[PDB]
Amino acid sequence: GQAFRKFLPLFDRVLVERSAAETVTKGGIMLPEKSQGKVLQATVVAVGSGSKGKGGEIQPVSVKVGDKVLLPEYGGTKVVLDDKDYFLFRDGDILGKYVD
Amino acid sequence: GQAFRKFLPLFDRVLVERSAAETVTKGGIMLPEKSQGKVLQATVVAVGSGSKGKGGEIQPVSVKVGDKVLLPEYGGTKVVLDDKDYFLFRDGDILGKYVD
Amino acid sequence: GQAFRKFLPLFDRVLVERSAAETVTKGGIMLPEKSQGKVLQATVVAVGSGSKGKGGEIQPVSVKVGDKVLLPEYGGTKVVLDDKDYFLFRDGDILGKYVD
Amino acid sequence: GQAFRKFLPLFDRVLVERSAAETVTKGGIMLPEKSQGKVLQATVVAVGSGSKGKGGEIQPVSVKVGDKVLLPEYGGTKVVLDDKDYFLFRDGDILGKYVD
Amino acid sequence: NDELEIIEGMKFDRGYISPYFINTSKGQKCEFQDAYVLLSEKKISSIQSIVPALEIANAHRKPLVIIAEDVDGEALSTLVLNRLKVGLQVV
């Protein structure tokens, strides 16, 4: 597993950071701070050691720290590290991955 | 897995694009834009790497990019790529496949 | 398994001790004793022998006594040892681990 | 399996006896007989033969007659032997064990 | 007899929420000099919304008067507790 700010996820949990919400449209129109809601773009900051749900030997997590991911809109656990907010998901909950 | 617009599904998820709805009947009668609802014809645009639900080694997805498929009427996750709407299903949710 | 105050958890249960709640902010502002609620920082005081949920031979617990852990906000069983309160969780319920 | 008063638990069931409730505090204050409720300290009086929930060969019960155990607050089946009350639990329901 | 009374400044006829804020025995008044004023259009309920103002006031060693739609149980409890056990100058 790879730690982050002295925190290490257990099993197949992945700790991610949500991207900043848009405040100005592609034009010059600014948006209320109550209207952005929640964003589903995230970056992986920490990864667990392996999946306990696999029979026999545990399998490694399918994502690596630094990847950009598309998250579900209903899951996630809130954690605070150095007063900044991070979200903990299960490796099977991550909807997709972006590539460059 | 096969990517699409820099997006890659995870595990056994399939990303598809819905076909355009009919606007004029086989005759000359045009249809209201509120009456078409949702269409169950789709084309596969991206495919995941393999199924995590299979014991032991993961199995490949049963469909390939470019196939035309008949989707269920209740499932699907909404995603936006280049401001166009695509739908993410599980490989086991796809009802059928069309052949030429 | 490792005992604590003559108490030994069974199977994969872990006995932990919650940290003390904050009473004064980083400044000079004191906080009401009814406002702190519950804290999710804990230290492991006792560990069970192994997991009964694993097929075949039982696996050891993934944490060791003395570790600092981040707990869930909904689980835990209350126990009293020498009139002090300790909490019993399952090894799979512990959200994360801290490192130094 | 080990019998008790001509009664033998089946499979992985454990028959235990609850300890007597406190009637006087550490001082001189006596307590109403309606206020003690239920006590979670018990002693094992009978043990079953083995677990039917284990695939293949059945495994032995993890506790032995004479041990002192911490029980859950929600389970247990009531039985009467020689007009005295005993409680029947499953081997996996026992929360903890005490040692001397 | 007839009387003439001149009212200066800004008097708006609202009293202190809690007797605990009184600091002057003769007349039963809460009196401060060189005080910070915190104006809140909406009700103050949670401790997070109120703690920063108290921290700012205490850092500079000045009293604080909070004029707000209302003060709820948690923030009011914090205010009374700090006033009673610390001498924090708040109303």
Side-chain angles (χ1 to χ4, degrees), chain A residues 1-2 8-16 44 46-65 67 69 72 75-77 88-97, chain B residues 1 8-14 47-63 89-94, chain C residues 1 9-14 44 47-64 67 69 71-72 75 88-97, chain D residues 11-12 50-62 90-94:
Chain A
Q2 188 274 331
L8 185 68
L10 296 178
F11 302 109
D12 55 345
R13 294 186 173 88
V14 179
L15 187 73
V16 305
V44 180
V47 172
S49 62
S51 174
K52 64 183 179 182
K54 181 80 175 177
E57 69 275 16
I58 58 171
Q59 303 264 331
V61 172
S62 68
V63 301
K64 65 178 72 66
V65 170
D67 291 331
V69 296
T77 301
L88 192 64
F89 293 85
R90 283 226 180 261
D91 170 46
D93 291 333
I94 298 166
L95 291 175
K97 182 175 73 175
Chain B
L8 185 68
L10 296 178
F11 302 109
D12 55 345
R13 294 186 173 88
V14 179
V47 172
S49 62
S51 174
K52 64 183 179 182
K54 181 80 175 177
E57 69 275 16
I58 58 171
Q59 303 264 331
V61 172
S62 68
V63 301
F89 293 85
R90 283 226 180 261
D91 170 46
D93 291 333
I94 298 166
Chain C
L10 296 178
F11 302 109
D12 55 345
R13 294 186 173 88
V14 179
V44 180
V47 172
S49 62
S51 174
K52 64 183 179 182
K54 181 80 175 177
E57 69 275 16
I58 58 171
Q59 303 264 331
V61 172
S62 68
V63 301
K64 65 178 72 66
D67 291 331
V69 296
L71 305 171
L88 192 64
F89 293 85
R90 283 226 180 261
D91 170 46
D93 291 333
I94 298 166
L95 291 175
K97 182 175 73 175
Chain D
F11 302 109
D12 55 345
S51 174
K52 64 183 179 182
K54 181 80 175 177
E57 69 275 16
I58 58 171
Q59 303 264 331
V61 172
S62 68
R90 283 226 180 261
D91 170 46
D93 292 333
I94 298 166

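Computed from heavy atoms alone, side chains included, the values below leave out hydrogens, waters and symmetry copies. Chain identifiers are assigned alphabetically (A, B, ...) following the order of the sequence lines, protein sequences preceding nucleic acid strands; residue numbering begins at 1 within each chain.
Counted within 6.0 Å of NZ on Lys54(C), heavy atoms from surrounding residues, nucleotides or ligands total more than 12; the atom is thus considered enclosed.
Smallest separation of non-hydrogen atoms from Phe11(A) and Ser62(C): CZ-OG, 4.0 Å. When all heavy atoms of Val14(B) and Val61(B) are compared, the closest pair comes out as CG2-CG1, 3.8 Å. Shortest non-hydrogen contact noted between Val63(A) and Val47(A) is O-CG2, 3.7 Å. Closest approach of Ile94(C) to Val69(C), counting heavy atoms only: CG2-CB, 3.7 Å. Pairing each heavy atom of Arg13(A) with each of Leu88(A), the nearest pair is CD-CD2, 3.6 Å. Across all their heavy atoms, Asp12(A) and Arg90(A) have their closest contact at OD1-NH1, 2.6 Å.
Expressed to the nearest 0.5 Å, how far CG of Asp91(D) lies from CG of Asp93(D) amounts to 8.5 Å. In this structure, CG on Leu15(A) lies 11.0 Å from CG on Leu95(C), to the nearest 0.5 angstrom.
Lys97(C) places no side-chain N or O within 3.5 Å of a backbone atom of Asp67(C) that could act as its donor or acceptor partner.
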